[PDB]
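Colleague: Structure, please.
(chains A, B, C and D)
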Amino acid sequence: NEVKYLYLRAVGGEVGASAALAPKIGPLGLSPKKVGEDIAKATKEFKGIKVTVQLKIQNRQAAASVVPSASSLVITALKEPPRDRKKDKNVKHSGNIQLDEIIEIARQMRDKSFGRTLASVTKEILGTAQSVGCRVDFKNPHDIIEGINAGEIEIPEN
Amino acid sequence: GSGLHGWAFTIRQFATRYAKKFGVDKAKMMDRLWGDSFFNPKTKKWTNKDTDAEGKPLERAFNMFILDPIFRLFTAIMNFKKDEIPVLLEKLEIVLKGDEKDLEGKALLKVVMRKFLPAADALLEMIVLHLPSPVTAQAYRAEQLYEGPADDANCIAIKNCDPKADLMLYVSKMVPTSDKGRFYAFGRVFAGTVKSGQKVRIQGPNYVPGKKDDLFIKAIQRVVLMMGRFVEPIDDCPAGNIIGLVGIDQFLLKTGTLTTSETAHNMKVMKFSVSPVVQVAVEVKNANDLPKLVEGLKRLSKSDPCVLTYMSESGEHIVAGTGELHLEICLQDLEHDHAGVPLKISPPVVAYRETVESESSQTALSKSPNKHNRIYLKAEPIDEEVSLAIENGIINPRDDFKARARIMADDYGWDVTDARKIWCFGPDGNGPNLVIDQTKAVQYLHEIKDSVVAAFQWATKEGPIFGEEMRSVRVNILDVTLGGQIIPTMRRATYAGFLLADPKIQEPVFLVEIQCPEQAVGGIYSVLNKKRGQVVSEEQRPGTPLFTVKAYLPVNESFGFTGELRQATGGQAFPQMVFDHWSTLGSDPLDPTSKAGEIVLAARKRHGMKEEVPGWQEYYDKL
Amino acid sequence: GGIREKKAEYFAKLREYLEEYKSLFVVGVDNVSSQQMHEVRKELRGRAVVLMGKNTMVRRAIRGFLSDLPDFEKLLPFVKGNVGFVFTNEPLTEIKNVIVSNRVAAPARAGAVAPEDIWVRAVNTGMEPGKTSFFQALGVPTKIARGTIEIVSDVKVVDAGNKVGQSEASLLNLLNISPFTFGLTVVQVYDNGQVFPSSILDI
RNA sequence: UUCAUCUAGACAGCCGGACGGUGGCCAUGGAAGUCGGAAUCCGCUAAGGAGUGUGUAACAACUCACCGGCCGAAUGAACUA
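Modeller: Residues are numbered from 1 along each chain as shown, chains lettered A, B, ... in the order given. Find the structure here:
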């Protein structure tokens, strides 16, 4: 009755490769197939994204719980078409996300982030969205960060 | 123990002598000998603690009752303590006799401790105590000693180890003796009794019980006993034993199953995971003495279970072995015993494959030497997969052009009017280069086709760059203006089309499966990074740290890949070389600085042809 | 001049914190990690403010501030070592309780004075049986069961106040046991012109 | 010679923090600060560079820039002849 937590990163929206799933799961004796479709069912809407999945392994069953990351939540803010790895090589994520969406994913990320305020956590999310390349209301995430820093963009603390 | 001084010992025999002086039995003795074992000599009390209530460390029981006799006898007789030799002798109940009293030093150690601990009692006692008998061994081992239906009657006979059941043997190796070539069949009688003159079915590895391939219902001349080097005939031999026999030699190749029942299948014809990887080109120094080389190659293939003799595509005799050790020993045996002729060893010269990747820039024109007929064509590369299909036989040159065109167009994406109008394939009547007709205004499309096919066969068996075969070239005949006149025209026309379609060379590419540990993957990745190794992928099983890499590797670096890889990684890695496919190269044959130019120039200096790479200028017919 | 500006703003921050907040905690931050500081501030968000810097600028600000506030002269002989301050106005008992509650264990190091008793329990290691030589060298009884190492009993390795050595520290690293704990240690408390230690707080 | 750091205490030395989004955008047979191109962003303080090197199949791990504790008068860089 030893609950073990296994952090694995598989491609969302697809069944994970059995060779990649083998070394961390095989000594624990679970079926690589079954943990594959469990991770796929947990990550249906994360299609084309390397997403961290925590496997709660306890008594020969593994529960696949998605650990939400900033890049994954920003791409599932973009709602871009699913990533085809083979053909295009330098996809610049040029979709537009809005401030209410960055507020709502900050509210989702409130349980793990170490920022004091929602403004600071949204600044972190804007930095991650800048690392991805996303434009926020047709404006630069940088410029929006200094807007909130100067206080021109008031963020509701609820 | 040690075989050099001829001795062995076990705590089981030390228990056999310690039982009477301590009152405790064998198993519990050795339980207080291995592990956390300690004994207290101040109160005579065995305990699981290195120290006591007072706390000075004690020493282990394995060190006080066993290694302490060994240590003190070493110290006394190496440092010449004759005041300590006889008292230790009588304490350890050794007895000396005569000269063995008179010995001193290393030979004294030899004799007194050969009298103390012979190797026989120990090594013999383990191999009979714990090491398995054939009944239990086959009772859990019956399903890999037979590849097929595991519920068969012969298999339950194997699992029960019946001496008078259906006779099956497995000739495992074709063992060499001093019979001037004629060997003996070293094999194990798992079931049945082999007799001198018994009609037994010789089954080859390719044999299946529903066919006739490599199956010989033949009698045995003689059955012989094996004791390492001598030869001794035996009448009969029962199940579970390994015996030699002669008479199977002229019918069986290398290894083979030997059954008496038609229902019984073959067994596992080895697994190796070693494979013949390193390859050398053998030829003669005497063409008159070449028959002895061919007989010697056949005999060497019979002799060593992992040697492989086969012909190349360029004609040399490729001998394939596992390593440089194994090749050099097989070659010395072949040169001195199997053939008896001085040979020559060479690198395995590779057949390369000339291939264009472009459409021809300008129209390919050639004319008859009598100047009556002209030919206009183009040359274009063919897709890799569809050429593989042609070479695999989906696209077979003997079918009806209609249904071929249907498959070619619907699955592979071609122009179907052409695909019905397909003319021919080369080389060898089955190759992937094909000639296609586009001409619509030519009246006589019947008196040219046979000459077209014939000298396309000639061009594709001898292309224009360095006189070697072609691949994945489609020849669009666009126009002809109308065998002594047509054959040179299409020779020059295919030549001009190739050289105007910008040729390159395909080099062969191996797929290698390397079994390796996760602490030697770094060395293997370093070796593949030395030599252009595009590893396809990365597999393993989870229970073991053994880890397989499937990889693409070229041949000009595979010449010496095996030694370099094992030098860098130790003997940790094991390769499985099988030929994958043909891959393209990215250099121009006309440029001698590049790889393609170097390899074509090396081929021209090897074959003694003209030095330059000929082109569309002198393979063109202008006004 | 940027260094001059940041230390001027540090002096201004110390002035406003000293005037705003009535009670002070002088805390040692010996061997405490930056992330642990982040969760200390997360637990003290909107509660009490943590300020630290170099004790030389602290001392210079205090003896420049002695003109109007002379009780920080009593606070002067205690700014020694890795010292931070937390400014507060709510009671010192649960200020100390939160500060000593936020603790994170750290792996043992070779030659290090053990603060508490180090015990290795009869817990299944999950390691291959090649480390039984190390276990027998350190005296821990282990048995190879189901193909893995099992610790038979509970063994004390290092006594309290003794130096953890190299083999014991390597065994703790291999077993992923972290007996060394590191956290903020309240060494002095200032309230209403008086200085008195956390022992008097614990009274 | 020029510029910078300096009793609001530097330079060196000893001790130990050297975090997070992050296996950052890609590229991946494989690249987590350290094969490669482009971004070189702040959350918070004492600070942490999408990382200065060693290392790994990639990880792990070691060590720097930066930073704090002891410390008590000058030294750090680039040039010139």
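
Colleague: got a list of what residue B:231 touches?
Modeller: By C-beta atoms under 8 Å, 6 or more residues apart in numbering or on different chains, the residues touching residue B:231 are B:177, B:184, B:224, B:225, B:244. (Each C-beta comes from the backbone N, C-alpha and C, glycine too.)

Colleague: where does it fall, phi/psi-wise?
Modeller: With angles defined as degrees, to the nearest 10, residue B:231 sits at phi -130, psi 140.

Colleague: Who is it paired with across the strands?
Modeller: In this entry, residue B:231 is beta-bridged to residue B:226, by DSSP bridges.

Colleague: Which stretches in chain A count as strands?
Modeller: Along chain A, counting by DSSP state E, strands occupy A:4-11, A:50-57, A:62-66, A:96-97, A:135-136.

Colleague: who's in contact with the second one?
Modeller: Same thing as strand A:50-57. Applying C-beta under 8 Å, 6+ apart, the external contacts of strand A:50-57 come out as A:3-12, A:25, A:28, A:30, A:35, A:39, A:42-43, A:62-67, A:69, A:72.

Colleague: filter those by proximity to chain B?
Modeller: By C-beta under 8 Å from any C-beta of the partner chain, the members of the contacts of strand A:50-57 lying near chain B are residue A:25.

Colleague: Now do the SS call for the residue in chain C that chain A sits nearest to.
Modeller: Nearest to chain A, among the residues of chain C, is residue C:38, at 5.2 Å (C-beta to the nearest C-beta). Three-state call for residue C:38 (DSSP: H, G, I helix; E, B strand; the rest coil): helix.

Colleague: ok, how many other residues are close to residue B:437?
Modeller: 22 (other C-beta atoms under 10 Å in any protein chain shown).

Colleague: list the contacts for the closest residue to it other than its chain neighbours?
Modeller: Using C-beta to C-beta, 6 or more residues apart in numbering or on different chains and skipping the chain neighbours, the partner closest in space to residue B:437 is residue B:421 (4.6 Å). By C-beta under 8 Å, 6+ apart, the residues touching residue B:421 are B:401, B:436, B:437, B:438.

Colleague: Any chance of the backbone angles for the residue lying farthest from the centre of chain C?
Modeller: The C-alpha centroid of chain C is most remote from residue C:146, which lies 40.8 Å away (C-alpha atoms, centre = their mean). Taking degrees, to the nearest 10, you get phi 50, psi 30 for the backbone angles of residue C:146.

Colleague: Report the separation between the residue positioned nearest the centre of chain A and residue A:45.
Modeller: Centroid check for chain A by C-alpha atoms, centre = their mean gives residue A:72 as the closest residue, at 2.6 Å. According to C-beta to C-beta, to the nearest Å, residue A:72 and residue A:45 sit 10 Å apart.

Colleague: Count residues in the vicinity of residue B:291, would you?
Modeller: 12.

Colleague: what residue is smack in the middle of chain B?
Modeller: Nearest to the mean C-alpha position of chain B, by C-alpha atoms, centre = their mean, lies residue B:275 at 1.8 Å.

Colleague: what helix or strand is residue B:208 on?
Modeller: For residue B:208, there is no helix or strand it lies in under DSSP states H and E.

Colleague: Now for it: which residues touch it?
Modeller: Applying C-beta under 8 Å, 6+ apart, the residues contacting residue B:208 are B:265, B:266.

Colleague: ok, now residue B:197?
Modeller: Residue B:197 touches B:219, B:220, counting by C-beta under 8 Å, 6+ apart.
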